[PDB]
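Q: Experimental coordinates follow, after the sequence.
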Amino acid sequence: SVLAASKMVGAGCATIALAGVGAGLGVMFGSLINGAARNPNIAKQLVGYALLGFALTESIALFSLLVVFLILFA
Amino acid sequence: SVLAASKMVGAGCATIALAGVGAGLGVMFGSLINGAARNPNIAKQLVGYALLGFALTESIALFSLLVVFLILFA
Amino acid sequence: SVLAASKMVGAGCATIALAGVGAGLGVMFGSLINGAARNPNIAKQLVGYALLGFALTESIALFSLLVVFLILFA
Amino acid sequence: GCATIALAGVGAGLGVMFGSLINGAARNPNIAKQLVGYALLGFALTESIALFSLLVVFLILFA
Amino acid sequence: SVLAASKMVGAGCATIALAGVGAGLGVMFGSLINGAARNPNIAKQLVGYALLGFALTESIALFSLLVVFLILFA
Amino acid sequence: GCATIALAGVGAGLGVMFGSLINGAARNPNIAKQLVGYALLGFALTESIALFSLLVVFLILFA
Amino acid sequence: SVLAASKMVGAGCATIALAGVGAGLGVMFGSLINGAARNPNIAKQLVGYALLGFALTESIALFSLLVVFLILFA
Amino acid sequence: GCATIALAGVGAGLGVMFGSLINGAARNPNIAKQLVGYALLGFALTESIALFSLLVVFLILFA
Amino acid sequence: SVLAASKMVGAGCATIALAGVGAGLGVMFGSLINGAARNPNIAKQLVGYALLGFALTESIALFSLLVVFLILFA
Amino acid sequence: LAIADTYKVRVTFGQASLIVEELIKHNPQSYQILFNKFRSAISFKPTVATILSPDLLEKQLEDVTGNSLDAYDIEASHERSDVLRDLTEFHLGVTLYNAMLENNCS
Amino acid sequence: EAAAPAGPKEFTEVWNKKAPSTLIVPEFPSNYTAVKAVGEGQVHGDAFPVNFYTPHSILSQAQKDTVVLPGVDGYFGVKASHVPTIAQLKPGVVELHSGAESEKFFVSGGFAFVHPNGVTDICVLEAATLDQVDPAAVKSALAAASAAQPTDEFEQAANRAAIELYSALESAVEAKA
Amino acid sequence: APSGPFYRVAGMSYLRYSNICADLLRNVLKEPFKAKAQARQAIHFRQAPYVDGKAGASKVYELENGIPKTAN
């Protein structure tokens, strides 16, 4: 039961990739607050850029959670 | 009992990713202070962008924390 | 006691999450001093956003010690 | 699992690149839908590395 | 005693939490200098923010040394 | 697997380089496509690290 | 003696806190150079604020090395 | 492999260095030709770290 | 031969604190070149701030190399 | 100081700028300009137009429950006391150019 | 901080303590402006008031929904409820847009004020409209400017100001439709 | 000595800097328009310091191509 041991250690290191998306989501969601404080009449377009960027930054967060499940349960 | 010894070290290194979320979520709450210092006439609007962003990056703070409970109890 | 020995190396791995959440606090409480110097009429309302963000980024820090209460004493 | 910690930096690289889009589109909003034309070129070329890490993740797990 | 040796190898890697705490603390004191350089009149008020955030960013260091004294001495 | 953590930092440098591509062209759109030359001049040299690090991965795996 | 072998591999990872302490330390004297170039008149008061923040950011660097000694010499 | 993570930080080094020319040359394209001289001076001397990290990578593998 | 072997791997894991002290020193030396672009008539006074701040940033690096030589040679 | 022969060919902004600069050789806290404003061809009401010096006195009159100038986000290359120095001299050069155009046709 | 509330009406009473009454109280440039800065309004959704001004001529007092101004950090764009901004401008192109049609002046350098009531105030000295610039002297003038490397600081401040106005005029005369 | 922009650290005011950028922009117009902008380029006045209430020297300005670019 050492193969079943490293599947829960190799799944631990695998999700530290979520530290990077949590740093990147907070920069962008901070960049909209500073962005919508410049000229808030384009703000409903900038949230269309934020939740386009929150969509693609979380996509590699789900590439890593796919790999977290592939070491854990595959 | 090396498998239970593998889950405490695995979920412990799995929750390192709360550091990058805690670093990102403070940038966004830092832009909330800085963005509302430019124009306070949208400051109660901008906290609607900060608390929207707080929910969407603490999404990832629970995404990694899902794996810590997915390791220790499954 | 190899089960309980891993519960302390995993508890040290969990405590690295408290690093980056201090970085997000120094970024945010940095932005208070930049913001309140920009517009010192809002010098205490910007504490109202700092302690709102300090209490919601220590939402992450209290999650991190929740794991340290979960691998040390469980 | 130590191979896919390389998704951390592209995950923090993609947030700055999407962040300077909102900082670029708020400064000059008349070319805002042009700046997505450089941002999507920036997205595909940062996830170029995110597949190169995933080149190695699948090269260890199944090869 | 693998357990007693594990009260060192965990408590050492528990104290990487003071890295991101120090990296944040140099930002918030770094913004005190720029915040005093912008507005040199209210520099005696902003040190009442740069010490306020120091006692609230040592909140996480008093949660990390809460943990290193729950491993080495508990 | 621990070798290819070098792909994290090069992908983080990209989004700063591709963010200031967006930002540099929001502040000077008269050279908006000339900076794309400067950005891909940066992109041609920063993935040298992403091919200096993929060699050592392919120097462990089969060499 | 693995009891002492864990003391030297533990105290090694105990001083990676000094990475982040030196990271904020350059950032703080980075804004001392910048902030003195904004306001050259208040530039020596900012020296009073630089060494103010240096002592308080090193206070956790002298919290780190005692834990390096609370592993090795305790 | 564990030594090659030093090449991650030199990847975020030339990424912020090349991103400072896209900001620098867009601020003034007067010296847009001169500034590439300092980035390429900055490029080779930040690689000075890369072949010193690849000094020991091409040492402990083969000595 | 574990006490002679662990003091090598604990030494290389100790000198990672020369990463952030190089990241901080590179910001402060870059903020010196930026601070001369703001105010070139004050320029060789801020070099007095950089080298003083370099020697105080190196108060970390000789404290971390202290740990490297102490476990290689206590 | 006596400036004369101003209205001989025509009055320009570059001419009013050098008259402004010699008022900046002296370094006061304020300026007062006295001229006749051309309301109509009949009425020429004498105007007092005044310009405060930037970080000496202009910033000090704006400190009304904090400051009135902090609402503006300065997009200069240097900080606010240097953009206010350039802005007061530009305020002095146009208030003087308008003064000797209002007074020339009055 | 506010220990002397001055103003135009406050100059009335003190001058009515020390001057002869046969002179009435003189007028002030505050009396001849109908639009102030702090008072709420005058944005009404899409179009804010812009005021492009030179010393010698007034070039627009109309309403636009967007202005593109060449700041010293770069070309920014002023939307309707923009942040208050006192922005220095380098030599560049002011683009006043009210819709599909575009009036684009190349300016010499001078400030632009966005106010707390949404009104934009462009204040330049020389405004060269982009269809009346000489495209044969933009390149001949930078050549002697890039070679004149003198020993005095004044012309070094004047030569650095010389090429940066010309260099942003090459990039403002080539790619026009 | 001083602190500020590149014109301010060389002993040049803002009005002297920003007229120079208006001087050099007038030259690169069309001659239909350059001769019109030539009219506002000429500076003709005279200043005189008055030390005693009675006398002083005087300094005549006759520049037709714009502000003095030289160090004054």
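A: Done, it's in. Numbers count the residues shown, from 1 in each chain, chains lettered A, B, ... in the order given.
Q: Can you verify my assumption that residue J:59 contacts residue J:84?
A: Yes - at 6.9 Å, residue J:59 and residue J:84 qualify as touching, with contact defined as CB atoms under 8 Å. For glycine as for every other residue, the C-beta is placed from the backbone atoms N, C-alpha and C.
Q: Pick out whichever of those two has more residues nearby.
A: Neighbours per residue, other CB atoms under 10 Å in any protein chain shown: of residue J:59 and residue J:84, the larger number sits with residue J:84, 22 against 18.
Q: Spatially, what comes nearest to that one if we skip its sequence neighbours?
A: Counting by CB to CB, 6 or more residues apart in numbering or on different chains, residue J:54 is the residue found nearest to residue J:84 once chain neighbours are left out, at 3.7 Å.
Q: Could you count how many residues lie near that neighbour?
A: Counted with other CB under 10 Å, residue J:54 comes out at 19.
Q: before we move on, what about the one 10 residues further on?
A: Here the number of neighbours of residue J:64 (other CB under 10 Å) works out to 10.
Q: Without its sequence neighbours, what residue ends up closest to residue K:127?
A: Of all residues not flanking residue K:127 in the chain, residue K:105 sits nearest, at 4.5 Å (CB to CB, 6+ apart).
Q: For the one you found, give its distance to chain E.
A: 33 Å (CB to the nearest CB, to the nearest Å).
Q: Double-check that residue against residue K:89; I have them as touching.
A: No - counting by CB under 8 Å, residue K:89 is not a contact partner of residue K:105; they are 11.5 Å apart.
Q: so how far is residue J:79 from the residue of chain K found nearest chain E?
A: In chain K, the residue that lies nearest chain E is residue K:1 (9.1 Å; CB to the nearest CB). Distance, residue K:1 to residue J:79, by CB to CB, to the nearest Å: 20 Å.
Q: Counting residues, which helix of chain K comes out longest?
A: helix K:153-170 (DSSP state H).
Q: which of the residues in that one are buried?
A: Using 16 or more other CB atoms under 10 Å in any protein chain shown as the test for burial, helix K:153-170 gives K:154-155, K:157-159, K:161-169.
Q: and which of these is nearest to residue B:54?
A: Using CB to CB, residue K:168 is the member of the buried residues of helix K:153-170 that sits closest to residue B:54, with 42.2 Å.
Q: And that closest one, how close does it get to residue H:18?
A: If you measure residue K:168 against residue H:18 using CB to CB, the figure is 24 Å.
Q: Over to residue K:142?
A: Taking CB to CB, one finds residue K:142 at 27 Å from residue H:18.
Q: again, but for residue K:45
A: 42 Å.
Q: same question, residue L:2
A: 35 Å.
Q: Kindly report the same for residue J:14.
A: Counting by CB to CB - residue J:14 and residue H:18 are separated by 43 Å.
Q: and if you look at residue J:49?
A: As defined by CB to CB, residue J:49 lies at a distance of 52 Å from residue H:18.
Q: So which bits of chain K are right by chain D?
A: Within reach of chain D by CB under 8 Å from any CB of the partner chain, chain K has these residues: K:66, K:68, K:74, K:75, K:76, K:77, K:79, K:95, K:97.
Q: can you rerun that using 6 Å?
A: K:75, K:76, K:77 (CB under 6 Å from any CB of the partner chain).
Q: Next up, the contacts around the second one.
A: Spelled out, it's residue K:76. By CB atoms under 6 Å, 6 or more residues apart in numbering or on different chains, residue K:76 lies in contact with D:27, K:69.
Q: Name the SS class of the residue nearest to residue K:127, please.
A: Assigned with DSSP: H, G, I helix; E, B strand; the rest coil, residue K:105 falls in the strand class.
Q: That one touches residue K:129, doesn't it?
A: Yes - if you go by CB atoms under 6 Å, residue K:105 and residue K:129 touch, sitting 5.3 Å apart.
Q: Of those two, give the one with the bigger neighbour count.
A: Of the pair residue K:105 and residue K:129, residue K:105 is the one with more neighbours under other CB under 10 Å, namely 21 against 13.
Q: ok now do the more buried one, which residues does it touch?
A: K:94, K:127, K:129.
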